[PDB]
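Below is one structure, written out as structure tokens; comments come after it.
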Amino acid sequence: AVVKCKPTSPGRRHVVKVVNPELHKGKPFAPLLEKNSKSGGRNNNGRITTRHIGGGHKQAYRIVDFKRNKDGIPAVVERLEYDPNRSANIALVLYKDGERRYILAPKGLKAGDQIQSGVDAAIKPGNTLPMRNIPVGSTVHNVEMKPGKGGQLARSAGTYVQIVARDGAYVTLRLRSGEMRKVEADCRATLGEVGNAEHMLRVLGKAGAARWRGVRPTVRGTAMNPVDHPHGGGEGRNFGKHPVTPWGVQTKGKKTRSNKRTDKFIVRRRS
Amino acid sequence: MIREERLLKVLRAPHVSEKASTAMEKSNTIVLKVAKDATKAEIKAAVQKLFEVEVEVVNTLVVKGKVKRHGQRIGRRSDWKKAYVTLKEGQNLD
Amino acid sequence: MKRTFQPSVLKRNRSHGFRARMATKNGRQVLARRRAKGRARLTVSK
RNA sequence: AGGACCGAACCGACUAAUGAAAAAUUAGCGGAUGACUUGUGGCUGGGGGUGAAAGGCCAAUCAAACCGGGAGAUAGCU
RNA sequence: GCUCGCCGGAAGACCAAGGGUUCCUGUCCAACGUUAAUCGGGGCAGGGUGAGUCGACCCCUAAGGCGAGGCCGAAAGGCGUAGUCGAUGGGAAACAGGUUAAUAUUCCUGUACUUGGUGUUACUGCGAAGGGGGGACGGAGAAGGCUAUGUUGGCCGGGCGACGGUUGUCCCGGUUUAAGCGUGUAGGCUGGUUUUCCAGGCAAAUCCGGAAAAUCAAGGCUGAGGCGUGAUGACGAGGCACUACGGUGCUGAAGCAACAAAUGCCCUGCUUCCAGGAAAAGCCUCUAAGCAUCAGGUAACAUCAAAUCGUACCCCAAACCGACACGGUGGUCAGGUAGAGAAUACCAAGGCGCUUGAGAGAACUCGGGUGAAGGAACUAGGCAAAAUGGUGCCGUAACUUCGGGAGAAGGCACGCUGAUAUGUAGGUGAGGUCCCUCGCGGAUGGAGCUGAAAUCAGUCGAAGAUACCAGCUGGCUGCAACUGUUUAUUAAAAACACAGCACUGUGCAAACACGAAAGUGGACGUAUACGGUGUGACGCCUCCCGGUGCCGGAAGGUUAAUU
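Chains as they are written, first to last, in PDB author numbering: chain h, 2 to 272; chain 2, 1 to 94; chain m, 1 to 46.
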């Protein structure tokens, strides 16, 4: 649930917490863990390539299963877990053959729930089956775009996709963006919505909270000198130019999709 | 097993000093100058063969050379290896 | 006042030392240059 | 509980008067569990870096570092 | 040598880094030392650094670096796989005393430990580049158990006072002891043991994981401290022999108890929070190829082994970074009285008086003290000074986002002695007595020790938070919501950032950014996400598309290469 914190200090006043009691209070499943060091938004050349990244808390990498290939074995949900690496919540599941995996926790999922992947699998939340097997009009998440690759669409805290149509070898998806997209009908998808839907209701409430999430502060181009940004300079507050990136490209409207290879799959762009 | 020639080349000299004299008289320990490359076991072997005397143990150290000045010109003395060789009780050395 | 030079031997060697100079071309040229000049201390190396 | 309070260390540098000091002193001053501070090592290189942005900082040097070279640049000027 | 004075969370002690002989001894005083110099971190000569257990080396890896092939690139070269390097992190082992002019966990004395070989007898499944476990991990908070350490008493030794008193409830000093081995406690974690099966752990697995079934409630792991031993020892106040006045040799009492107590240890624990918290090896374990009655494994016992390098000295400084014998510099140690305290004052241990002195006692300057009467009249401005200053209790407005405002404001008490109470409330806790699955056990018990806070009565002073220390307060108002950041060295702000808001892009080989490219970041993320721009908590809100941009359209006009 969301929780407005009492204003016992400025910087706590405007805070809203998103508290799920059902998460695991404990150390995660260590076998599925692995190291994940921070970039600072800097590439192999050592240059900053994406500004405003830096610092934040040390995080491990949970090995989430997005490919979801344990066909026919039924699994049961052991617990839900906090993943620092994503807006969603993860679920530690236990297959009957003794293997455990992390999966995106869907909306209704909880400890004790049974889930299943496969063509034969049942059409219920958390189950995963090819979209030619999934009825039209259903909500799914963790959608593969290429068969066998692993889910790439609809992984964020409260996303999902609509299968609006199945026309032969393809099905047409309604993406969260509003973009309509063809996808091969043999690609895989998980039933239901992804879990942590009130994720958006949280409000950080202070500068430090943003820092905790590895976000360095943002300087406005207009606050700079001309040598730095197109917006710089001006005695007092001047802005007599069309908005642009630090690299001179228009920002308020100018489209930038250039991919002519996948134009065919886009049924309708978002609006 | 150390070669005789190497043994002979190990031992440079006895070291005379107050501390050395004290070590000799009290702890039955001789203070030698030895080759800088000479290891402890080597030194011991050489002691045993060339002075004909049982060794308990060898401690070694490296003495660094002093920087000196001959007139206006600066110049450094050689570094050299010192060895305290403790000799078995009752071992009297000439 | 913390002055610019804050010595550290390892850091000195890695930065300017012989092997570092050897590693890359340009360093090798520097070395060659210094040899030509007649430098007694070719590198920072003690 | 807290980018909570008072306050030493520690980090800073608002007022004041005054070469031991190429930016210090003393007296006061701000923060002091955090967007803190600090050691060791690492990475980013010059129209390039980094920048909670002051054209700041990049070895007492910055509206384009230093070293060497073109180079005895050119100087209707002194 | 005796006085005086200063530091004492340092101006003491020990290290790292950095320096590199500055260490110690003798000797010299030209130069160096802001003066003199017999002295010196100066000159010259000699001496000095001892390790299986400290550190490096070594095994393991992080960020990162290099990188066979490889991909890419006019050349140079870039990226990067396998790999290999890389500590600031993980990985076996030593303590006490004595000694040098100068080293010591390194020498000596005592008492230990480690992990390798080799050989043994005893046994008999060993075996990895592979599987599993472990190592292995955050912040804050709270206690409880402890010790370091300190105080008092007891004990032991010495003393009987340069001036009134001082054989006592008097004075001074000491009252220390390790690692190791044994015990396995306060406490923490977990249900154990056996059997059966199984699409999992790249193959196999007796291991892990998962299913069942049986049976017992104690099983294991961890763990400070204490106790015992170590120790008939060592050390020991000071006494006694020699004296090159430096010291050397002999000798040696007591060596207990209580209370208090860390920020250190149990604790890598427990509780809790969200921001969700290295890796690999060592270590344990499982098997595979293999080998097969051999090797290898574990078992004790014997022997050998532990190489190499560092070890002096300075290290908040006269030895490092600052041109100087001139501010900066990470870690560890942390006594007493008062105190909340690592603040402050005075002291201990220890270390210093800052390498020019001597006079004088003009102006003027600096740093301080006090000041009649006035009390901001000063001044751009109360700048600077002065003032406030503690604990407890009473009391406290507007406004408010109901948290605040608020230590609002303002007041009262405060010393010492006695009594309450030859020391209370509390804390601690010995004997005795009882229980007992027997121990570091549980009950009862209260000796002794410690010990606030209050009330009443008296008492001194001008003054009792007496020194050091230690808020000035209130009223209206602009700006910025707030904590933060900034022009290293004239600007700390109303500037930047901020949480929040909005627009816009981006469907993943994402947009974008660095890269002739390969590739990398974005992100091991996927529209509840990421990028860009503006605005900037919260509250109430928030006409013009002509111009320039952007988006969409494509009927016509115009229009490249080409032909």
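Here a beta-carbon is modelled for each residue, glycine too, at the ideal position from N, C-alpha and C.
Could you spell out the range, first to last residue, of the alpha helix (DSSP H) harbouring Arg34 (chain m)?
As a first step, residue 34 (chain m) must be located in the third sequence, where it is residue number 34. From DSSP, the alpha helix (DSSP H) with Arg34 (chain m) extends over 25 to 37.
Between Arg19 (chain m) and the rest of its own chain, which residues show a CB-CB distance below 7 Å, the 5 nearest in sequence each way excluded?
Along the third sequence, one-based indexing puts residue 19 (chain m) at 19. For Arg19 (chain m), there are no CB contacts under 7 Å within the same chain when 5 residues up- and downstream are skipped.
Would you mind working out which of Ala45 (chain 2), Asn28 (chain 2), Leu32 (chain 2), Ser78 (chain 2) sits nearest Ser17 (chain 2), comparing C-alpha positions?
As a working mapping, residue 17 (chain 2) is identified with position 17 in the second sequence. Ranking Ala45 (chain 2), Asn28 (chain 2), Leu32 (chain 2), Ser78 (chain 2) by Cα distance to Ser17 (chain 2) puts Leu32 (chain 2) first.
Mapping DSSP to helix, strand and coil, what is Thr51 (chain h)?
Within the first sequence, numbered from 1, the residue matching residue 51 (chain h) stands at position 50. Of the three classes helix, strand and coil, the one that applies to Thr51 (chain h) here is coil, per DSSP.
With C-beta atoms as the reference, is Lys81 (chain 2) less than 8 Å away from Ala38 (chain 2)?
What you label residue 81 (chain 2) is simply residue 81 of the second sequence in a count that begins at 1. What you label residue 38 (chain 2) is simply residue 38 of the second sequence in a count that begins at 1. Cβ atoms of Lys81 (chain 2) and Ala38 (chain 2): closer than 8 Å.
Exposure of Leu154 (chain h), with buried meaning 16 or more beta-carbon neighbours within 10 Å:
Here residue 154 (chain h) is taken as the residue at index 153 of the first sequence, counted from 1. Its Cβ being crowded by 16 or more others within 10 Å, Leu154 (chain h) is buried.
Under three-state DSSP, which class holds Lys125 (chain h)?
By 1-based counting over the first sequence, the position of residue 125 (chain h) is 124. Three-state DSSP puts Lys125 (chain h) in coil, outside helix and strand.
Suppose only complete runs of 3+ residues qualify. What are the beta strand (DSSP E) ranges in the region 133 to 182 of chain h, listed by chain order?
140 to 142, 162 to 168, 171 to 175, all fully within the region 133 to 182 of chain h.
Considering only the alpha carbon of each residue, which of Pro247 (chain h), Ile64 (chain h), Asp114 (chain h), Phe30 (chain h) lies closest to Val228 (chain h)?
Counting from one through the first sequence, the residue named residue 228 (chain h) turns up at place 227. Checking every option, the nearest Cα to that of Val228 (chain h) belongs to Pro247 (chain h).
Checking 8 Å against the spacing of the C-beta atoms, do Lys88 (chain 2) and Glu56 (chain 2) come in under that value?
Residue 88 (chain 2) sits at position 88 when you count from the first residue of the second sequence. Residue 56 (chain 2) sits at position 56 when you count from the first residue of the second sequence. A Cβ-Cβ contact shorter than 8 Å links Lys88 (chain 2) with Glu56 (chain 2).
For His230 (chain h) and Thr223 (chain h), I'd like the C-alpha separation in whole angstroms.
On the first sequence, position 229 is the one that residue 230 (chain h) refers to. On the first sequence, position 222 is the one that residue 223 (chain h) refers to. For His230 (chain h) and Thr223 (chain h), the distance between alpha carbons rounds to 8 Å.
Here's the rule I'm using: 16 or more other beta-carbon atoms within 10 Å means buried, otherwise exposed. How should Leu93 (chain 2) be labelled?
Counting from 1 along the second sequence, the entry for residue 93 (chain 2) is found at position 93. Exposed, by the Cβ-count rule.
For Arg189 (chain h): DSSP bridge partner residues:
Position 188 of the first sequence, counted from the first residue, corresponds to residue 189 (chain h). According to DSSP, which records beta bridges pairwise, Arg189 (chain h) is partnered with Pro131 (chain h).
Counting pairs of beta carbons, one from the region 28 to 41 of chain h and one from the region 58 to 68 of chain h, are three or more of them closer than 8 Å?
As far as the Cβ criterion goes, the region 28 to 41 of chain h touches the region 58 to 68 of chain h, which means the pair count is three or higher.
Just the Cα atoms here: how many angstroms apart are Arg238 (chain h) and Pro244 (chain h)?
Looking up residue 238 (chain h) in the first sequence gives position 237. Looking up residue 244 (chain h) in the first sequence gives position 243. Taking the straight line from one Cα to the other gives about 15 Å.
Residue burial classification, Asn45 (chain h) (beta-carbon count within 10 angstroms, cutoff 16):
Start at 1 with the first residue of the first sequence, and residue 45 (chain h) comes out as number 44. So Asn45 (chain h) counts as exposed.
Among the residues of its own chain, which have a CB less than 6 Å from the CB of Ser157 (chain h), if the five just before and after it don't count?
On the first sequence, position 156 is the one that residue 157 (chain h) refers to. Excluding positions up to five away in sequence, the list reads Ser88.
If you drop the 5 nearest sequence neighbours on each side, which residues of the same chain put their C-beta closer than 7 Å to that of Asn86 (chain h)?
Here residue 86 (chain h) corresponds to residue number 85 of the first sequence, with the count starting at 1. Taking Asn86 (chain h) as the centre and dropping the five residues before and after it, the same chain places the C-beta of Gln60, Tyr62, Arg63 closer than 7 Å to its C-beta, in chain order.
Indicate whether the contact test is met: 3 or more Cβ pairs, each with one atom in the region 144 to 154 of chain h and one in the region 176 to 195 of chain h, closer than 8 Å.
They touch, by the three-pair rule.
Rounded to the nearest angstrom, what separates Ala35 (chain 2) and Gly38 (chain m) at their Cα positions?
Position 35 of the second sequence, counting from 1, holds the residue named residue 35 (chain 2). Position 38 of the third sequence, counting from 1, holds the residue named residue 38 (chain m). In a straight line, the C-alpha of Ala35 (chain 2) is about 34 Å away from that of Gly38 (chain m).
CB contact flag (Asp72 (chain h), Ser118 (chain h), <8 Å):
Your numbering for residue 72 (chain h) matches position 71 in the first sequence. Your numbering for residue 118 (chain h) matches position 117 in the first sequence. For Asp72 (chain h) and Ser118 (chain h), yes; Cβs fall inside 8 Å.
Using a threshold of 8 Å, state whether the C-beta atoms of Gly41 (chain h) and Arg52 (chain h) are closer than that.
On the first sequence, residue 41 (chain h) is found 40 positions in, with the first residue counted as 1. On the first sequence, residue 52 (chain h) is found 51 positions in, with the first residue counted as 1. No Cβ-Cβ contact shorter than 8 Å links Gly41 (chain h) with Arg52 (chain h).
I want to know whether the region 166 to 179 of chain h touches the region 205 to 225 of chain h - three or more CB-CB distances under 8 Å.
With contact defined as three or more Cβ pairs closer than 8 Å, the region 166 to 179 of chain h and the region 205 to 225 of chain h are not in contact.
Beta bridge counterpart(s) of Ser118 (chain h) as assigned by DSSP
Looking up residue 118 (chain h) in the first sequence gives position 117. Per DSSP, the beta bridge partners of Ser118 (chain h) are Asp72 (chain h), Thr129 (chain h).
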